[PDB]
């Protein structure tokens, strides 16, 4: 089942006081325009050196080094680094996982269909 997130947010607030994130995926199109080639998150967490896994149509493309968190707080995942130098035809399913370096845990942060 599911549960309301109110108690979790206030528990988080009491512990960390201040938190701002924005994982709204901004998908970048490549060449040709029907190719998805990047995804950008406007405000990522910065407390650890997070890395990202990409899965295309059920195929695990693995993990690559992260581009930097930029001064505007954003972080870009370049799918060319994962897909042998190519973007991804936008008919495919794309899933992007962030990886917690303390555990190896994978959490979905972007999905395209």
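Numbering follows the first chain given and starts at 1.
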Thinking about Cα B factors across the chain, which third does residue 106 belong to? lowest
Quick check for you: using the entry's CA B-factors within this chain, is residue 38 in the lowest, middle or highest third? lowest
For residue 16, return the chain-relative third of its C-alpha B-factor as stated in the PDB record: lowest, middle or highest. highest
According to the PDB entry, is the CA B factor of residue 100 in the bottom, middle or top third of its chain, that is, lowest, middle or highest? lowest
Record-listed C-alpha B factor of residue 31: chain third: highest
